[PDB]
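For the sequence shown, position 2 matches number 2 in the entry's author numbering, and the numbering has no gaps at all.
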Amino acid sequence: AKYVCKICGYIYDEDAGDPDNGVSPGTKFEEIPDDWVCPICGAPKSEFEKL
Ligand SMILES: [Fe+3]
Numbered sequence: 001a002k003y004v005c006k007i008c009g010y011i012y013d014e015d016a017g018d019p020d021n022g023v024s025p026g027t028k029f030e031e032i033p034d035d036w037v038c039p040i041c042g043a044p045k046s047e048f049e050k051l
């Protein structure tokens, strides 16, 4: 699945993950640590919406 950051437009793709910030490819959005934030704008997970 893909989620968009409502603040800046960054797309979190579960297939790509966010390796530079400790999230390997395949990690579901729900499993990402609660302290992880948008790598572009710093928005918390609450500001993402599932596409
Ligand atoms: Fe963002």
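No residue lacks a Cβ here, since even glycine has one placed at the ideal position from N, Cα and C.
Nonlocal neighbours in the same chain, by C-beta distance under 7 Å from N21, ignoring five residues either side: Here the set comprises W36 and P39.
Cβ-Cβ distance between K2 and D18 below 9 Å: No; because the gap between Cβ atoms is not below 9 Å, this pair is not in contact.
Coarse secondary structure for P33, derived from DSSP in three states: In this structure, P33 counts as coil in the three-state DSSP scheme.
Cβ-based neighbour list, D15, same chain, cut-off 8 Å, excluding 5 preceding and 5 following: Counting only Cβ-Cβ distances below 8 Å, and skipping sequence neighbours, we find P25 and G26.
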